[PDB]
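Listed next as structure tokens is one chain, alone, in the form deposited without ligand RT2.
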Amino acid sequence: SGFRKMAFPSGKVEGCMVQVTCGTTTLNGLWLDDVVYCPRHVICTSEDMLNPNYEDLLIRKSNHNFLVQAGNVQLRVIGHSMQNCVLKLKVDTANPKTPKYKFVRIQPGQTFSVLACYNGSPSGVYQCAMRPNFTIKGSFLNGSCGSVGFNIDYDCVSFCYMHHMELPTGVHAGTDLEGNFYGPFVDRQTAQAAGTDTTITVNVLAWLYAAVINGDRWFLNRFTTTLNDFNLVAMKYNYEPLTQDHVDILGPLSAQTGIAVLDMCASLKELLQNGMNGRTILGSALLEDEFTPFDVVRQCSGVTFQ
């Protein structure tokens, strides 16, 4: 029993982290096969960052201008190209620790583990959600750019996030591994703000199922609701609409507990309308929305990785 925000084991990703320096800018790179992937703003000085012309800055770089270090070992750069907001450095050594991997662009609402790195070395690991407003609530200091986010399925690392920047409120923005930002952000130092965020409804419901499995059942009421009249209430409290796909995804937890999804929706409605009256659910005094249904199933069933 027990329910914790749990990160994927990080070892397969740790083996891919390197340091990339261009001029006086150092950040983290991801070494897979014979390519190193990093944020393109490694080629900027601080000055350059108010409004860089990346294509122009890169024209003036040679291979040798990129110092790539994997612990003690310099990897010689033999080629370079830019894809969207990501720089790809071809190197003369294939990473022997390259795991089975994919690049995935995740959907808002989905979770992933971040391996926070400085100077190519890991600091720690923690689980995030891609917020509806295309930010994550991370922990990132100067030097963390190029740290990645990932999911593990069995033996396969699905990389979904590379860290680029911090927005007002201390939330974070970045790209997929093809260098396309999540959300409307650009890699320039100018005024940008996150859109107003929403609460990931399907994830709150998944977490209420986790509470039930763990024996925390006080908030269960005797009523039901329609999907329509639940969604009107959700709209008021800035909760995203629950779709039938969401209902179907919650099917395994609903079956395991014997609680119909629409009955759990009734229970949530009452929590939204009445508050928690100083009570906690799973240790928490607020409703948690950064656990997916899959996260709950994984954690409450003991799913492991190879």
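Numbers follow the displayed sequence, beginning with 1.
One more form of this protein should be noted, the form deposited with ligand RT2 bound, which is absent from this view; the next part is about it.
Visitor: Give a yes or no on whether each residue among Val13, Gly71 and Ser121 has a heavy atom within 4.5 Å of ligand RT2 in the entry with it bound.
Guide: No residue of the spot touches ligand RT2 in the entry with it bound.
Visitor: Just one of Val86, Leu75, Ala234, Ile213 has a heavy atom within 4.5 angstroms of ligand RT2 in the entry with it bound, so which one?
Guide: Contact check passes for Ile213.
Visitor: Within a 4.5 Å heavy atom cut-off, is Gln256 in contact with ligand RT2 in the entry with it bound?
Guide: The answer is yes: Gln256 has a heavy atom within 4.5 Å of ligand RT2.
Visitor: Are any of the heavy atoms in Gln306 no more than 4.5 Å from a heavy atom of ligand RT2 in the entry with it bound?
Guide: Looking in the entry with it bound, residue contacts with ligand RT2 do not include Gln306, since no heavy atom lies within 4.5 Å.
Visitor: Could you list which residues of 282 to 306 come within 4.5 Å of ligand RT2 in the entry with it bound, counting heavy atoms only?
Guide: Going through 282 to 306 in order - heavy atoms within 4.5 Å of ligand RT2 in the entry with it bound - the hits are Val297, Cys300, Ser301.
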